[PDB]
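S.K.: I am attaching a structure below and will ask some questions about it afterwards.
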Amino acid sequence: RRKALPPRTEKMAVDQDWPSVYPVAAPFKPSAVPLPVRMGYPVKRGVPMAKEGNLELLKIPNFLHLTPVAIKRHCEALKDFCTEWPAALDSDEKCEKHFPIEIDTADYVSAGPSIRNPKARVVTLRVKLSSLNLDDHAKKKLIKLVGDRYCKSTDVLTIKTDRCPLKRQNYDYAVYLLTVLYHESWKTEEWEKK
Amino acid sequence: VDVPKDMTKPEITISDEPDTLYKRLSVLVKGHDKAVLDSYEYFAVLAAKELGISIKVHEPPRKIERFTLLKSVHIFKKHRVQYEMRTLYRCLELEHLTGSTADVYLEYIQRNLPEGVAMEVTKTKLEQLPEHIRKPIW
Amino acid sequence: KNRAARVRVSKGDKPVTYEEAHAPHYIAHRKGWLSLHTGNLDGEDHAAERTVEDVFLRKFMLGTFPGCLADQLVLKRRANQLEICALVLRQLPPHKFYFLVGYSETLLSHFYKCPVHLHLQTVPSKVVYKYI
Amino acid sequence: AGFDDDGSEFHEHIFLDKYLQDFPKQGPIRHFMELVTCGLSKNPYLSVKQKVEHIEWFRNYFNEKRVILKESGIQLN
Amino acid sequence: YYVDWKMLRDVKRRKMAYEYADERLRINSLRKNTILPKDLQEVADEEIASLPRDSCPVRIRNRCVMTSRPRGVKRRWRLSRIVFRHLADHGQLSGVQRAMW
Amino acid sequence: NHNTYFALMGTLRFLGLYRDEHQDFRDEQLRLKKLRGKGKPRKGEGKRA
Amino acid sequence: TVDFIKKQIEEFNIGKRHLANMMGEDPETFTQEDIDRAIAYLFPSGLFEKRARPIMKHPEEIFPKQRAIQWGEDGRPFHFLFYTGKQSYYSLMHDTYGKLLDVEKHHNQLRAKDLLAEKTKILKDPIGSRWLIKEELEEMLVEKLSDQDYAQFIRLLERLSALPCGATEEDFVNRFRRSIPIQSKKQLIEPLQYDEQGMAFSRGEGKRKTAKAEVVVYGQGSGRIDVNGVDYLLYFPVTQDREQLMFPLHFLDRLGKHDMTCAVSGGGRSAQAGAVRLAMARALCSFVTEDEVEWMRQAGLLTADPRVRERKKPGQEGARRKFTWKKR
Amino acid sequence: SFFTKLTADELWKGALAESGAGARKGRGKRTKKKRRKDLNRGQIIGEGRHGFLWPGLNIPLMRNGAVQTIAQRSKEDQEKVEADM
Amino acid sequence: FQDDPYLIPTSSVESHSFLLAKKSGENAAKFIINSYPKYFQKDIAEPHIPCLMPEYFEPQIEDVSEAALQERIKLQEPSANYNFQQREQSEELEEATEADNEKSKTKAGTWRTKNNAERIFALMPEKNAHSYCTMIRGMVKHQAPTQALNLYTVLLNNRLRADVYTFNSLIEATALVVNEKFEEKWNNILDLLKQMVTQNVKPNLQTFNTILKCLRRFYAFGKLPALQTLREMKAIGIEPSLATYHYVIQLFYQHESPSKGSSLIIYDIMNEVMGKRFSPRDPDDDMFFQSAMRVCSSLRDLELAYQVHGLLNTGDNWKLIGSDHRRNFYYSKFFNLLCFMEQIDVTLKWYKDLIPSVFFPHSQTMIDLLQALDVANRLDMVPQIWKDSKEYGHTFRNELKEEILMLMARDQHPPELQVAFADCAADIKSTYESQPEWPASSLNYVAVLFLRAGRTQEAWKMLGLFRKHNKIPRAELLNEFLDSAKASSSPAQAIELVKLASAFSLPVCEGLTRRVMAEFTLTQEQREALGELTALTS
RNA sequence: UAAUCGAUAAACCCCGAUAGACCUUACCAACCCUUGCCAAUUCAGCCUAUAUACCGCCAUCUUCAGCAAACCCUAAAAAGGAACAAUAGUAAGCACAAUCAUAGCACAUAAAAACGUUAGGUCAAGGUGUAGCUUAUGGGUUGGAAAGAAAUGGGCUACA
Ligand SMILES: [Mg+2]
Ligand SMILES: [Mg+2]
Ligand SMILES: [Mg+2]
Ligand SMILES: [Mg+2]
Ligand SMILES: [Mg+2]
Ligand SMILES: [Mg+2]
Ligand SMILES: [Mg+2]
Ligand SMILES: [Mg+2]
Ligand SMILES: [Mg+2]
Ligand SMILES: [Mg+2]
Ligand SMILES: [Mg+2]
Ligand SMILES: [Mg+2]
Ligand SMILES: [Mg+2]
Ligand SMILES: [Mg+2]
Ligand SMILES: [Mg+2]
Ligand SMILES: [Mg+2]
Ligand SMILES: [Mg+2]
Ligand SMILES: [Mg+2]
Ligand SMILES: [Mg+2]
Ligand SMILES: [Mg+2]
Ligand SMILES: [Mg+2]
Ligand SMILES: [Mg+2]
């Protein structure tokens with residue numbers, strides 16, 4: 001007892017909302033898409049293959065769930081979760097005066113069962129030496145204390161931490177190194193007099 | 001005609017802890033084909049425009065990795081077959097974000113990421129100054 | 001003469017599908033890849049871990065759907081969950097279709113420690129592109 | 001996500017000098033243990049307990065092989 | 001079963017190398033330094049030699065996963081040059097295509 | 001773990017959920033071989049007996 | 001297959017309405033370019049062959065031209081040239097010959113009456129008129145054609161055009177005429193720019209053998225070239241490299257009349273000189289009139305150099321040098 | 001050793017050697033027989049060597065109005081089915 | 001369900017069977033996973049999802065009695081075997097080890113219960129709090145509350161307080177036992193309630209839920225204490241769940257048949273209930289919506305049927321009704337009303353939204369479609385509803401096709417709907433003759449359909465197919481077709497009509513003979529008029 | 001020598017091998033185990049023979065254009081099938097061509113090159129029909145697999 005059903009194309013409404021049809025990622029089932037679309041290399045006397053039984057149409061990623069109307073409807077519902085950016089920091093010049101420390105953090109995503117990526121542990125710290133309270137002696141000591149991690153032309157000190165397994169451990173290690181560098185650039189020891 | 005009523009009930013609370021600030025959020029979307037990356041660029045730019053982020057998008061140069069293998073099975077080294085792997089890059093450059101705004105944008109961006117592409121997220125976290133360095137003398 | 005991934009031309013009566021009608025020198029030109037994931041990108045890793053699962057999925061699905069598989073599987077890999085798009089002939093009754101889809105959606109998930117989606121598209125017969 | 005590393009911090013990974021107290025301070029054992037500690041402190045692939053066991057292994061090996069250190073001509077404990 | 005007896009023995013070699021990964025790492029530290037006196041290093045050579053043969057990582061041979069081919073195998077996919085082509089030409093591997101330039 | 005792969009597929013073939021065409025081919029060929037009369041000898045009688 | 005195409009029409013129309021609903025644009029203002037953009041966004045297939053991409057067009061655009069029914073229900077064919085194999089081509093040939101004979105008779109009567117009122121409309125050189133190729137005749141006459149028959153038809157059209165033309169036959173021939181675009185290869189001349197109180201300013205870009213060069217030229221300064229912050233003599237110690245630099249200036253007699261700054265990256269010692277030569281030539285177009293630009297492009301300064309290094313092939317040494325082939 | 005297995009079509013194509021290089025000119029015909037047997041002719045999907053009865057494949061879904069659990073045939077019933085096949 | 005049409009369910013039984021087959025597949029996979037755990041011990045996911053790990057049904061320790069019990073209680077017969085093995089070596093079991101063992105028996109599992117219960121009290125002085133939680137919950141399904149009533153007194157004498165779950169069961173235990181007296185049993189529940197507050201334990205939601213659940217099966221006039229305890233619940237500050245209103249509505253439905261005044265009480269309490277977003281925190285919240293729309297469907301109240309439909313989607317559209325057997329009844333009684341109070345536009349707007357999407361009608365619902373179309377005289381949608389009825393009600397087709405075709409005889413036949421009139425009749429009549437009793441009423445329908453369409457050729461062929469079916473329709477059809485034939489001037493059909501009618505002796509053959517005489521006079525066939533008289537005389 | 005194998009005219013000779021101290025390693029000499037990787041199997045396992053049975057993969061003619069289903073014709077037909085001012089040829093299809101890639105065109109390069117020839121190479125990538133091993137042609141440990149009288153192919157260094 002075989003039974004063949006006409007697809008949803010004959011029942012699709014002209015003004016039906018498409019986010020209701022394709023809310024999330026789908027394998028592009030041809031019975032749910034009333035759009036007659038032909039994908040494939042044509043034959044000399046033939047035409048490109050229709051949507052039924054077409055493997056090329058299934059291979060490609062479908063963005064039917066990301067139509068502009070659906071994107072509008074989704075983004076409107078997300079406005080309640082976001083917070084407003086302060087207008088007092090529109091230009092970088094005041095951002096450098098108020099928050100001079102920059103923390104470069106890397107986040108990664110990959111398809112598979114695994115999450116752990118060894119490149120995620122690296123944390124970068126960038127601080128401008130023109131926004132600190134170093135004097136001449138402590139500055140000239142700090143330059144030689146850091147070495148090549150300070151850019152003389154741009155006047156930025158970079159601290160790249162990898163030694164800690166976790167991102168938070170790398171971060172608090174980096175702030176500890178910044179504090180220790182600041183404190184040790186101030187102490188004048190016996191051997192500095194020679 | 002049959003539309004359900006009272007469909008919305010989220011759990012949103014505002015904590016007293018100051019929100020984290022970000023200066024630049026770089027997104028590097030790597031893929032194999034250009035059409036998927038172009039459609040994703042359109043989607044991401046439009047979604048950022050509704051949220052009011054003022055994204056700037058540029059395309060980093062592609063990377064092609066080629067290698068060479070034998071053509072036959074037992075003995076033929078004069079004849080070879082060369083295989084290619086193309087990697088195309090798209091740069092979504094975001095500025096002037098907060099911790100929660102970045103979280104919601106990344107939600108709507110990663111939850112709908114395609115299968116054949118990957119993303120690299122580089123956040124530039126803002127911080128004024130730590131505590132033992134503000135104005136101390138040892 | 002090249003012979004890799006090529007079905008030879010008969011007297012003019014063999015039915016050949018679109019995937020088999022194109023030589024491997026047409027990949028990414030006329031036909032696409034049967035599997036998509038991130039391990040084959042440039043700065044990514046874990047390619048072999050996904051390749052072995054890909055081969056095992058091809059063989060397992062071929063054995064699970066005997067004689068009713070029209071074309072090769074389409075293995076999508078998107079955020080920890082892998083989707084299997086299959087083209088199946090309408091040889092089995094829907095009662096036996098629904099047993100196997102539910103069986104696979106849990107056996108594969110428990111064997112790969114990752115969510116698995118299975119989508120079936122039923123075709124009346126094998127669709128012929130070139131001569132038949 | 002899902003990996004807390006026993007709630008350890010950066011001082012439990014970088015600073016392992018607290019595990020070197022029962023060793024000769026002025027001997028070559030300190031010269032070798034400081035390189036061992038520096039190598040372990042730049043190791044993000046291991047947890048704190050594994051480094052503790054690594055130090056304890058050298059500990060017990062050196063405390064077991066006592067005749068060789070006294071025969072080598074250097075006073076070691 | 002496994003593909004081949006050579007693969008069977010290679011799996012055992014890998015397992016025992018992982019089992020003795022820490023011990024060999026600790027013994028090699030006593031041999032690869034100049035600070036310690038040579039008198040203990042000559043005994044360190046003896047205990048590192050007393051370990052079983054298949055424990056060293058040198059005996060590990062990188063073969064193919066499917067056909068266990070000892071040579072002509074790419075490291076990225078752990079696949080032989082023949083099975084890799086057999087899969088890529090069928091198109092079961094993403095991003096892989098014939099090079100034309 | 002090829003042992004897990006092979007054992008799992010064999011067990012599902014025996015319980016009738018996976019169908020291994022290669023193993024069916026091997027079984028049919030071995031049955032034809034044993035019917036024609038050249039089978040696998042018992043352990044311990046091939047050489048002496 | 002007429003009913004199948006008729007059903008494809010309604011399916012395409014309802015799909016167009018649904019696509020407009022999906023995109024949120026007005027279906028009344030929704031056009032084919034919008035269909036193309038919508039398909040390119042919804043189905044982003046990355047394939048090098050554009051014909052393999054998903055396409056949704058009008059069925060008369062997708063499907064080829066189908067032959068109409070050649071006979072009625074009584075079996076009698078409609079056209080009287082059906083049994084000739086190519087009814088359309090032979091009808092075209094018959095009509096052309098009938099009009100040729102009509103023109104011949106009319107011109108004979110006009111010559112008998114001593115009336116010459118026709119003109120020569122055969123020369124359409126300023127319009128750029130050409131004859132249809134076999135493909136353009138095959139899309140009109142749906143059945144297949146032959147090269148010799150196409151040549152016969154063209155040669156008959158020439159005979160028709162070589163005669164005094166009236167009103168109707170000129171229009172009949174005009175539908176077998178195609179207009180060509182202007183093959184004028186004149187380049188675009190960059191307008192002279194004035195930047196920050198500086199007169200006689202222009203810029204040029206050149207590229208030769210993986211070497212990119214930008215030249216900034218001032219027409220009001222003295223003759224000198226500053227390459228990458230240093231002098232051209234220091235940057236190009238080789239005489240030939242400086243001869244390359246003098247080649248554009250000496251041709252236009254602008255040696256000591258222009259001050260130029262060159263910035264070149266990539267390539268070797270001679271590749272940079274060639275790229276700077278090309279960029280300088282492309283930049284000096286603004287300071288000269290039009291008649292010298294053509295002399296310069298005919299001397300070879302305005303044409304790029306596609307001579308690039310060929311990729312090495314497997315089994316060979318230098319992409320041409322093969323291995324030592326032993327006969328035995 | 002599961003990845004070393006192939007498709008029955010590929011097995012038969014090598015077993016019969018219908019496309020052999022020696023059979024082209026006419027060197028063959030010495031043993032003039034080429035028979036290929038389909039192994040999935042009378043193979044019901046749910047049946048196995050263990051004799052398990054699955055509600056979706058072998059036995060119907062519902063009996064007496066109640067759901068059927070996973071069953072297994074007895075030793076002698078399985079032998080009767082084996083004799084039939 | 002899969003979206004492919006070959007896998008999309010067509011009827012409700014097919015949907016249920018497909019869901020059950022899918023579930024059989026999943027637990028068949030789970031059986032393999034549990035039976036062969038070593039094939040799934042390898043972990044690949046870094047977060048280490050625990051739901052994908054295989055489960056083990058074996059005890060960890062076998063020799064130690066104190067360790068075997070705690071495994072075998074949570075993992076039926078093995079639980080009793082563990083106790084039998086533990087008591088063999090004279091191992092002392094505390095009041096905590098055997099409490100869970102007794103709970104294991106109380107959950108799964110008459111004569112073995114007494115043997116187990118003797119091991120509960122005689123072997124060890126166990127705590128009453130762990131004794132009643134097994135006993136009182138066991139004998140309720142064992143159908144013997146008289147000994148639970150004794151353990152209540154034992155607990156009262158042993159100075160230990162009784163928890164809420166004690167009175168949750170004791171009131172029902174004393175309520176179900178009735179012998180010609182119900183007032184004494186109710187007074188016992190009242191005495192237990194008044195002791196409940198004295199025993200310093202607050203009466204929970206489920207206590208007043210059960211006291212109300214007890215009152216429905218005995219008295220139809222017992223709603224006064226039901227309303228009193230309903231208000232007593234609100235007086236304390238506990239928001240009642242859905243079943244608390246459901247039992248009140250059930251008894252009000254029982255009293256609703258003789259007097260319709262209680263329907264308004266149901267409506268006014270429902271109006272106050274539907275003012276908030278609810279949460280199903282009680283397992284017995286499934287029957288509430290069934291009762292709350294059966295009350296509206298019996299009394300034909302769409303104005304509140306809409307509000308009951310709006311009540312469920314306020315909190316959650318799905319977490320309120322458990323089984324599909326009840327959701328089918330839900331939608332059938334909703335659309336029974338919706339079809340014929342409100343306008344046909346609303347009926348058709350909800351038809352495409354409830355019928356093919358959520359669930360497929362039962363046999364009751366399909367008749368309401370016909371009754372809705374007939375009252376408003378809607379004919380353009382009859383072929384539209386029939387094509388869906390073909391796929392949905394094939395099981396009921398043999399018993400319901402008779403009433404789908406009478407609507408055509410009540411309305412007129414416009415000259416624009418002849419194709420729709422022909423297609424449905426052709427599809428109906430071409431299937432039954434290829435296999436399905438054929439009633440004689442459909443011939444009277446096809447004749448009138450083709451009369452105004454002017455197609456006598458197709459009308460004549462189908463008439464004889466039933467005359468050859470060993471059964472003859474009424475003579476009114478024969479007269480109507482005779483009028484049709486004389487309109488088209490076809491006297492050749494009338495002779496074969498009368499010859500095959502008079503032989504089977506129709507009751508209106510006397511008028512059939514007059515009509516053929518008139519037709520023959522009109523068409524100038526008097527020779528044949530006399531010839532047929534000779535034939536009928538012979 | 002106790003010590004692999006295959007390729008070995010164009011189309012082998014820095015070829016399998018984008019790779020040998022034990023491993024790899026299939027070779028040999030000494031020693032050990034024989035339902036011996038798997039849930040089970042009068043079963044596993046064999047780099048045992050047959051590439052002159054194969055599939056999978058390639059070389060060659062070959063940047064040659066032909067191969068070919070369904071038809072039709074010849075005063076018979078083994079076979080052939082063309083005259084453009086045209087004398088029996090229509091012809092789906094596979095090739096070629098076109099297209100695609102080397103991110104703008106053109107050119108060029110790459111790629112592609114059908115049916116078949118060489119019983120061409122590969123039972124040793126892998127599975128395999130047939131014929132053969134089963135206390136051994138199977139499975140483990142250790143040690144060795146030289147050396148050049150001599151000839152030759154391909155490269156590097158130079159002879160300035
Ligand atoms: Mg093998
Ligand atoms: Mg060279
Ligand atoms: Mg050799
Ligand atoms: Mg040889
Ligand atoms: Mg040769
Ligand atoms: Mg050895
Ligand atoms: Mg060796
Ligand atoms: Mg051997
Ligand atoms: Mg050969
Ligand atoms: Mg040709
Ligand atoms: Mg012939
Ligand atoms: Mg042809
Ligand atoms: Mg191009
Ligand atoms: Mg070209
Ligand atoms: Mg080539
Ligand atoms: Mg070509
Ligand atoms: Mg040979
Ligand atoms: Mg050979
Ligand atoms: Mg073999
Ligand atoms: Mg051999
Ligand atoms: Mg030599
Ligand atoms: Mg060579």
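Each chain in the structure tokens gets a letter, A, B and so on, in the order shown; residues start at 1 in every chain, and ligands are counted from 1 in the order they appear.
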Throw together the list of residues within 10 Å of ligand 21, counting only C-alpha atoms (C1' of nucleotides) and all ligand atoms, and drop it here as a list in words.
M.R.: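 Those within range of ligand 21 are residues 151, 152 and 153 of chain J.
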S.K.: At a cut-off of 10 Å around ligand 16, and using only C-alpha atoms (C1' of nucleotides) and all ligand atoms, what residues come up? Please write them as a PyMOL selection string.
M.R.: chain J and resi 63+95-99+111-113
S.K.: Enumerate residues in contact with ligand 18: an atom-to-atom distance of at most 12 Å, counting only C-alpha atoms (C1' of nucleotides) and all ligand atoms. Format the result as a list in words.
M.R.: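 Based on only C-alpha atoms (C1' of nucleotides) and all ligand atoms, ligand 18 is surrounded within 12 Å by residues 74 and 75 of chain B; 5, 6, 7, 8, 12, 50, 51, 52, 119, 120, 121, 122 and 123 of chain J.
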S.K.: Just need the residues of chain J within 7 Å of chain G, counting only C-alpha atoms (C1' of nucleotides), so spit them out as JSON, numbers by chain.
M.R.: {"J": [9, 10, 84, 100, 109]}
S.K.: Which of chain E end up as strand (DSSP E) when DSSP is run on this backbone - answer as number ranges by chain?
M.R.: E: 73-74, 79-80, 96-98
S.K.: Output as a Markdown table one row per residue of chain J within 12 Å of ligand 12: the closest atom pair and its distance in Å to one decimal place, counting only C-alpha atoms (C1' of nucleotides) and all ligand atoms, sorted by chain and residue number ascending.
M.R.:
| residue | atom | partner | partner_atom_place_in_ligand_line | distance |
| --- | --- | --- | --- | --- |
| J:66 | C1' | ligand 12 | 1 (Mg) | 11.9 |
| J:67 | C1' | ligand 12 | 1 (Mg) | 10.4 |
| J:68 | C1' | ligand 12 | 1 (Mg) | 8.0 |
| J:69 | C1' | ligand 12 | 1 (Mg) | 9.9 |
| J:70 | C1' | ligand 12 | 1 (Mg) | 11.2 |
| J:90 | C1' | ligand 12 | 1 (Mg) | 9.9 |
| J:91 | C1' | ligand 12 | 1 (Mg) | 5.4 |
| J:92 | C1' | ligand 12 | 1 (Mg) | 6.8 |
| J:93 | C1' | ligand 12 | 1 (Mg) | 6.8 |
| J:94 | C1' | ligand 12 | 1 (Mg) | 9.4 |
| J:95 | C1' | ligand 12 | 1 (Mg) | 11.1 |
S.K.: As a tab-separated table (two decimals) with N, CA and C atoms, in the first residue's frame, please: every protein or nucleic acid residue near ligand 2 (cut-off 8 Å, counting only C-alpha atoms (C1' of nucleotides) and all ligand atoms).
M.R.:
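What ended up in pocket.tsv:
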chain	number	residue	atom	x	y	z
G	317	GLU	N	61.84	20.11	-14.76
G	317	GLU	CA	62.84	20.85	-13.98
G	317	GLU	C	62.48	22.32	-13.84
G	318	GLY	N	62.31	23.03	-14.95
G	318	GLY	CA	62.03	24.45	-14.91
G	318	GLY	C	60.78	24.83	-15.67
G	321	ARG	N	62.09	22.54	-19.00
G	321	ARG	CA	63.18	21.57	-19.08
G	321	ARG	C	62.72	20.24	-18.51
S.K.: What's around residue I:291 at 7 Å? Count only C-alpha atoms (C1' of nucleotides), leave out sequence neighbours fewer than 6 positions away in its own chain, and write the answer as a list in words.
M.R.: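 Once the nearby chain positions are removed, what remains is residues 246, 249 and 250 of chain I.
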S.K.: Taking 5 positions as the minimum chain separation for residues in the same chain, which residues sit within 12 Å of residue J:146 when counting only C-alpha atoms (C1' of nucleotides)? Answer as a list in words.
M.R.: residues 1, 2 and 3 of chain J
S.K.: Would you output that residue set with N, CA and C atoms (P, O5', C5', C4', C3', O3' and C1' of nucleotides), as a PDB file, in the first residue's frame?
M.R.:
ATOM      1  P     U J   1      79.749 -17.076  -1.123  1.00  0.00           P
ATOM      2  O5'   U J   1      79.535 -16.443   0.320  1.00  0.00           O
ATOM      3  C5'   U J   1      78.492 -16.899   1.165  1.00  0.00           C
ATOM      4  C4'   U J   1      78.042 -15.818   2.112  1.00  0.00           C
ATOM      5  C3'   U J   1      76.705 -16.057   2.793  1.00  0.00           C
ATOM      6  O3'   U J   1      76.788 -16.936   3.900  1.00  0.00           O
ATOM      7  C1'   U J   1      76.746 -13.872   1.918  1.00  0.00           C
ATOM      8  P     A J   2      75.950 -18.307   3.884  1.00  0.00           P
ATOM      9  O5'   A J   2      74.504 -17.851   3.398  1.00  0.00           O
ATOM     10  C5'   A J   2      73.388 -18.725   3.475  1.00  0.00           C
ATOM     11  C4'   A J   2      72.281 -18.110   4.293  1.00  0.00           C
ATOM     12  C3'   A J   2      72.124 -16.603   4.152  1.00  0.00           C
ATOM     13  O3'   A J   2      71.329 -16.251   3.033  1.00  0.00           O
ATOM     14  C1'   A J   2      72.085 -17.217   6.449  1.00  0.00           C
ATOM     15  P     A J   3      72.009 -15.822   1.643  1.00  0.00           P
ATOM     16  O5'   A J   3      71.208 -14.511   1.217  1.00  0.00           O
ATOM     17  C5'   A J   3      69.791 -14.519   1.133  1.00  0.00           C
ATOM     18  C4'   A J   3      69.170 -13.659   2.206  1.00  0.00           C
ATOM     19  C3'   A J   3      69.475 -12.171   2.127  1.00  0.00           C
ATOM     20  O3'   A J   3      68.631 -11.486   1.217  1.00  0.00           O
ATOM     21  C1'   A J   3      69.836 -12.931   4.334  1.00  0.00           C
TER      22        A J   3
END
S.K.: For chain C, list the residues within 10 Å of chain F, counting only C-alpha atoms, and write the list as JSON, numbers by chain.
M.R.: {"C": [56, 59, 60, 61, 62, 63, 64, 65, 66, 100, 103]}
S.K.: Give as a PyMOL selection string every residue of chain F that touches chain I within 10 Å, counting only C-alpha atoms.
M.R.: chain F and resi 1+3-5+7-8+11-12+15+17
S.K.: By how many Å are atom CA of residue B:102 and atom CA of residue B:129 apart?
M.R.: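 Rounded to one decimal, the two atoms are 21.9 Å apart.
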S.K.: If I take atom CA of residue B:63 and atom CA of residue B:86, how far is one from the other in Å, to one decimal?
M.R.: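 Pair atom CA of residue B:63 / atom CA of residue B:86 returns 6.1 Å.
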S.K.: Neighbouring residues of ligand 11 are defined here as those with any atom at most 10 Å from a ligand atom, counting only C-alpha atoms (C1' of nucleotides) and all ligand atoms; list them as a PDB file with N, CA and C atoms (P, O5', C5', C4', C3', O3' and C1' of nucleotides), in the first residue's frame.
M.R.:
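Generated file (selection-v8.pdb):
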ATOM      1  P     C J  73      15.593   0.498 -46.249  1.00  0.00           P
ATOM      2  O5'   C J  73      16.722   0.994 -47.257  1.00  0.00           O
ATOM      3  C5'   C J  73      16.427   1.947 -48.269  1.00  0.00           C
ATOM      4  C4'   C J  73      17.658   2.320 -49.054  1.00  0.00           C
ATOM      5  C3'   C J  73      18.443   1.167 -49.658  1.00  0.00           C
ATOM      6  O3'   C J  73      17.885   0.707 -50.876  1.00  0.00           O
ATOM      7  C1'   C J  73      19.929   2.659 -48.582  1.00  0.00           C
ATOM      8  P     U J  74      18.086  -0.817 -51.339  1.00  0.00           P
ATOM      9  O5'   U J  74      19.527  -0.829 -52.019  1.00  0.00           O
ATOM     10  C5'   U J  74      19.868   0.120 -53.025  1.00  0.00           C
ATOM     11  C4'   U J  74      21.359   0.172 -53.263  1.00  0.00           C
ATOM     12  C3'   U J  74      21.938  -1.026 -54.011  1.00  0.00           C
ATOM     13  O3'   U J  74      23.009  -0.602 -54.850  1.00  0.00           O
ATOM     14  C1'   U J  74      22.951  -0.856 -51.874  1.00  0.00           C
ATOM     15  P     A J  77      28.077  -9.292 -51.642  1.00  0.00           P
ATOM     16  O5'   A J  77      28.497  -8.320 -50.450  1.00  0.00           O
ATOM     17  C5'   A J  77      27.890  -7.041 -50.303  1.00  0.00           C
ATOM     18  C4'   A J  77      27.605  -6.721 -48.856  1.00  0.00           C
ATOM     19  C3'   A J  77      27.145  -7.907 -48.013  1.00  0.00           C
ATOM     20  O3'   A J  77      27.583  -7.731 -46.667  1.00  0.00           O
ATOM     21  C1'   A J  77      25.443  -6.274 -48.059  1.00  0.00           C
ATOM     22  P     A J  79      31.520  -7.133 -42.003  1.00  0.00           P
ATOM     23  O5'   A J  79      31.693  -5.784 -42.831  1.00  0.00           O
ATOM     24  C5'   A J  79      32.978  -5.266 -43.142  1.00  0.00           C
ATOM     25  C4'   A J  79      32.950  -4.503 -44.441  1.00  0.00           C
ATOM     26  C3'   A J  79      32.469  -3.063 -44.349  1.00  0.00           C
ATOM     27  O3'   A J  79      33.494  -2.165 -43.963  1.00  0.00           O
ATOM     28  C1'   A J  79      31.304  -4.156 -46.079  1.00  0.00           C
ATOM     29  P     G J  80      33.126  -0.776 -43.245  1.00  0.00           P
ATOM     30  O5'   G J  80      32.598   0.144 -44.432  1.00  0.00           O
ATOM     31  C5'   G J  80      33.430   0.457 -45.540  1.00  0.00           C
ATOM     32  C4'   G J  80      32.639   1.073 -46.667  1.00  0.00           C
ATOM     33  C3'   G J  80      31.836   2.313 -46.311  1.00  0.00           C
ATOM     34  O3'   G J  80      32.621   3.493 -46.307  1.00  0.00           O
ATOM     35  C1'   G J  80      30.468   0.818 -47.517  1.00  0.00           C
ATOM     36  P     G J  81      32.348   4.639 -45.217  1.00  0.00           P
ATOM     37  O5'   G J  81      31.052   5.384 -45.767  1.00  0.00           O
ATOM     38  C5'   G J  81      31.037   5.951 -47.069  1.00  0.00           C
ATOM     39  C4'   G J  81      29.639   6.324 -47.494  1.00  0.00           C
ATOM     40  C3'   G J  81      28.876   7.246 -46.556  1.00  0.00           C
ATOM     41  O3'   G J  81      29.232   8.611 -46.705  1.00  0.00           O
ATOM     42  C1'   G J  81      27.484   5.449 -47.197  1.00  0.00           C
TER      43        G J  81
END
S.K.: Could you tell me how far atom CA of residue H:43 sits from atom CA of residue F:23, in Å to one decimal place?
M.R.: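 That distance, rounded to one decimal, is 13.9 Å.
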S.K.: Find the residues near stretch 73-84 of chain G: any atom within 10 Å, counting only C-alpha atoms (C1' of nucleotides), skip ones fewer than 6 places away on the same chain, and give them as a list in words.
M.R.: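 In the requested form, the answer reads residues 90, 91 and 94 of chain G.
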